[PDB]
Amino acid sequence: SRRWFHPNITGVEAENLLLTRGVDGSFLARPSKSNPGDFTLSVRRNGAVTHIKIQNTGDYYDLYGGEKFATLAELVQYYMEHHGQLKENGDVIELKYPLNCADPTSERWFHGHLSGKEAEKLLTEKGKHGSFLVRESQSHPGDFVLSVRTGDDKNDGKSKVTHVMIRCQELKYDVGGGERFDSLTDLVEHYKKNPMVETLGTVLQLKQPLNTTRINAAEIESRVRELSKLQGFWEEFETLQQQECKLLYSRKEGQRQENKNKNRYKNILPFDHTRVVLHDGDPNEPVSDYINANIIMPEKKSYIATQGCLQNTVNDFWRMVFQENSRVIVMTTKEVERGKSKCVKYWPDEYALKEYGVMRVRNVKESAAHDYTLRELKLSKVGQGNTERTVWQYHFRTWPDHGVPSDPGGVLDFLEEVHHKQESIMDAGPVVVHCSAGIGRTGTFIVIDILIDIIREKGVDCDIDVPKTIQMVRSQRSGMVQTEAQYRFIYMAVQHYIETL
Ligand SMILES: Cc1nc(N2CCC3(CC2)CO[C@@H](C)[C@H]3N)c(CO)nc1-c1cccc(Cl)c1Cl
Ligand SMILES: [Cl-]
Ligand SMILES: [Cl-]
């Protein structure tokens with residue numbers, strides 16, 4: 001249900017599409033290809049088309065005149081279910097009818113200009129039973145080919161590849177008989193639910209798109225070069241974004257009245273099924289189990305991804321650090337950037353001692369490095385001296401105000417140190433990573449950390465799959481990794497880490 005995003009459409013084409021193929025209440029979203037992180041929400045209303053700017057510098061989607069969101073799907077879901085909220089001169093703009101895109105570019109199974117010879121090799125060397133892909137036809141421009149692998153996954157002739165010709169006849173697609181579809185996606189979805197059966201009984205099951213993003217770590221440099229050609233990075237990122245509609249999990253607790261002002265941004269909320277639940281709260285507080293934070297479990301180190309504190313959640317943050325036995329905190333922003341508070345100070349001045357509700361914190365020592373400041377903190381519960389433990393706060397301070405670092409070396413040396421600290425502490429809990437809304441830079445640091453932990457343990461003899469890792473983390477907190485710039489930065493960091501092995 002993300003067909004309303006059109007990756008290769010212009011503003012002219014958007015307007016004409018809404019005016020000729022849509023009605024009042026129709027809408028679509030689209031990127032500004034030249035300006036990264038810029039998107040447009042185009043809506044038809046009163047026979048005219050309004051364009052609404054959406055900006056993402058790396059922390060969240062900022063909708064002009066509206067609110068801030070973790071994903072465009074969560075944005076669209078919000079206004080398709082909360083009417084009268086989106087306003088112009090202040091007139092209400094209704095999102096009623098998604099205008100579905102027919103472009104297959106961002107589909108996981110679509111490989112564009114790929115030859116039949118390449119498609120078979122890939123299916124043979126990387127596929128399994130039910131792996132499939134769609135490519136543009138080499139013989140007849142405008143047509144396509146669906147290639148499917150079937151067989152026994154236990155070479156020896158037990159598996160095969162079957163090619164199915166897809167013709168384009170008067171702007172519709174068909175496999176030679178039966179229904180004619182308005183797009184390749186409709187055709188593929190139809191034959192995923194109703195599989196073609198070959199003469200003699202082979203069921204051409206479309207089980208999963210061919211995995212082409214999982215590569216050996218030594219292949220990363222070549223992949224980055226391919227993805228960098230003028231850009232394969234953009235197509236792969238928007239293919240990942242297309243799948244964000246699978247991740248609209250419930251966030252009911254963060255929407256409760258008692259919890260609304262515990263959120264930095266009211267619509268950027270933790271999934272219920274992975275949120276950190278706080279116990280032992282004040283019995284006189286009706287709802288005391290809430291913080292805008294999620295456990296991120298790789299699927300040996302786990303993380304808590306959370307926002308920068310508010311004045312009224314500092315105490316809850318320390319309750320969380322204590323309860324989860326966290327010993328390492330990563331801050332991803334300065335306290336203040338561009339004159340705006342990005343991470344309120346929740347620790348004492350150096351050598352000072354403060355109580356934060358029932359928790360007591362001493363700042364033992366601060367140490368300055370080039371890219372970050374280390375603060376050695378001692379955390380304990382008031383009245384229970386034997387509960388004291390040291391919490392090492394790594395405050396990354398040189399991330400640019402917009403975009404990403406030009407070189408990943410600083411981030412990598414930082415994560416390397418954080419990793420060694422965590423590993424030195426027996427039975428340490430999850431590493432807390434936070435600031436801002438806790439999804440952009442936070443997701444980027446966490447995904448880099450997960451990937452380099454693989455390489456650190458296994459060296460060059462391991463498979464890396466960047467979008468699979470990101471999708472896995474985004475299923476535990478909304479919108480982890482916000483921008484294509486961060487996406488490329490993750491690749492560049494992995495590549496750099498491998499080179500310095
Ligand atoms: C992001 C991604 N990209 C893939 N590629 C690369 C980009 C193309 C399609 C195939 C190739 O050509 C482009 C025009 C484009 N259509 C594949 C295939 O394995 N998977 C994923 C993936 C992986 C794990 C989790 C999730 Cl959620 C996803 Cl979406
Ligand atoms: Cl596969
Ligand atoms: Cl962040």
# chains A, B, ... in the order shown; residues from 1 in each chain; ligands from 1
>>> residues_near_ligand(ligand="ligand 1", cutoff="6 Å", atoms="only C-alpha atoms and all ligand atoms", output="list in words")
residues 105, 106, 107, 108, 109, 110, 111, 112, 210, 211, 212, 213, 235, 236, 237, 239, 240, 243, 467, 468 and 471 of chain A
>>> closest_atom_pairs(of="chain A", to="ligand 2", cutoff="8 Å", atoms="only C-alpha atoms and all ligand atoms", output="CSV")
residue,atom,partner,partner_atom_place_in_ligand_line,distance
A:123,CA,ligand 2,1 (Cl),7.7
A:126,CA,ligand 2,1 (Cl),6.2
A:127,CA,ligand 2,1 (Cl),4.3
A:128,CA,ligand 2,1 (Cl),5.5
A:130,CA,ligand 2,1 (Cl),7.7
A:131,CA,ligand 2,1 (Cl),4.8
A:132,CA,ligand 2,1 (Cl),7.5
A:208,CA,ligand 2,1 (Cl),6.1
A:209,CA,ligand 2,1 (Cl),5.9
A:210,CA,ligand 2,1 (Cl),3.9
A:211,CA,ligand 2,1 (Cl),4.2
A:212,CA,ligand 2,1 (Cl),7.6
>>> residues_around(residues="residue 428 (chain A)", least_positions_apart="2", cutoff="8 Å", atoms="only C-alpha atoms", output="VMD selection string")
chain A and resid 325 to 327 422 425 to 426 430
>>> closest_residue(among="A:50, A:220, A:19, A:252", to="residue 463 (chain A)", atoms="only C-alpha atoms")
A:220
>>> residues_near_ligand(ligand="ligand 3", cutoff="6 Å", atoms="only C-alpha atoms and all ligand atoms", output="PyMOL selection string")
chain A and resi 332+434-442
>>> write_last_selection(atoms="N, CA and C atoms", output="PDB file, in the first residue's frame")
ATOM      1  N   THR A 332      24.445  10.919  19.847  1.00  0.00           N
ATOM      2  CA  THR A 332      24.702  11.146  18.429  1.00  0.00           C
ATOM      3  C   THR A 332      24.612  12.602  18.016  1.00  0.00           C
ATOM      4  N   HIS A 434      21.317   7.366  21.388  1.00  0.00           N
ATOM      5  CA  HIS A 434      20.209   8.307  21.429  1.00  0.00           C
ATOM      6  C   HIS A 434      20.631   9.697  20.972  1.00  0.00           C
ATOM      7  N   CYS A 435      19.611  10.570  20.919  1.00  0.00           N
ATOM      8  CA  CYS A 435      19.549  12.026  20.752  1.00  0.00           C
ATOM      9  C   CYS A 435      18.540  12.320  19.650  1.00  0.00           C
ATOM     10  N   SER A 436      18.221  13.602  19.445  1.00  0.00           N
ATOM     11  CA  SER A 436      17.232  13.985  18.444  1.00  0.00           C
ATOM     12  C   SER A 436      15.995  13.109  18.605  1.00  0.00           C
ATOM     13  N   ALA A 437      15.472  12.595  17.498  1.00  0.00           N
ATOM     14  CA  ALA A 437      14.310  11.705  17.543  1.00  0.00           C
ATOM     15  C   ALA A 437      14.694  10.240  17.718  1.00  0.00           C
ATOM     16  N   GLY A 438      15.984   9.928  17.716  1.00  0.00           N
ATOM     17  CA  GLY A 438      16.404   8.572  17.978  1.00  0.00           C
ATOM     18  C   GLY A 438      16.153   7.586  16.851  1.00  0.00           C
ATOM     19  N   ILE A 439      16.167   8.030  15.589  1.00  0.00           N
ATOM     20  CA  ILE A 439      15.925   7.110  14.469  1.00  0.00           C
ATOM     21  C   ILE A 439      16.942   7.291  13.345  1.00  0.00           C
ATOM     22  N   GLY A 440      17.372   8.523  13.101  1.00  0.00           N
ATOM     23  CA  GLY A 440      18.238   8.777  11.961  1.00  0.00           C
ATOM     24  C   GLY A 440      19.703   8.439  12.181  1.00  0.00           C
ATOM     25  N   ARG A 441      20.437   9.367  12.804  1.00  0.00           N
ATOM     26  CA  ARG A 441      21.807   9.065  13.204  1.00  0.00           C
ATOM     27  C   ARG A 441      21.843   7.849  14.113  1.00  0.00           C
ATOM     28  N   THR A 442      20.860   7.735  15.005  1.00  0.00           N
ATOM     29  CA  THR A 442      20.815   6.590  15.907  1.00  0.00           C
ATOM     30  C   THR A 442      20.744   5.274  15.129  1.00  0.00           C
TER      31      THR A 442
END
>>> residues_around(residues="residue 184 (chain A)", least_positions_apart="2", cutoff="8 Å", atoms="only C-alpha atoms", output="VMD selection string")
chain A and resid 102 104 173 181 to 182 186 to 188
>>> write_last_selection(atoms="C-alpha atoms", output="PDB file, in the first residue's frame")
ATOM      1  CA  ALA A 102       2.975   1.557 -12.176  1.00  0.00           C
ATOM      2  CA  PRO A 104       8.475  -1.267 -11.327  1.00  0.00           C
ATOM      3  CA  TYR A 173       0.960  -6.985 -19.557  1.00  0.00           C
ATOM      4  CA  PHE A 181      -2.652  -6.296 -16.077  1.00  0.00           C
ATOM      5  CA  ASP A 182      -2.149  -2.536 -15.869  1.00  0.00           C
ATOM      6  CA  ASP A 186      -0.226  -6.410 -10.584  1.00  0.00           C
ATOM      7  CA  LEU A 187       0.887  -9.256 -12.842  1.00  0.00           C
ATOM      8  CA  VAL A 188       3.491 -10.474 -10.334  1.00  0.00           C
TER       9      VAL A 188
END
>>> atom_distance(atom1="CA of residue 176 (chain A)", atom2="CA of residue 197 (chain A)")
13.6 Å
>>> residues_around(residues="region 266-270 of chain A", least_positions_apart="6", cutoff="8 Å", atoms="only C-alpha atoms", output="ChimeraX atom specification")
/A:67-70,251,254-255,260,292-294,437,477-478
>>> select_by_dssp(residues="region 197-437 of chain A", states="alpha helix (DSSP H)", output="PyMOL selection string")
chain A and resi 220-228+232-242+252-255+314-323+409-423
>>> residues_around(residues="residue 163 (chain A)", least_positions_apart="4", cutoff="7 Å", atoms="only C-alpha atoms", output="list in words")
residues 145, 146, 147 and 148 of chain A
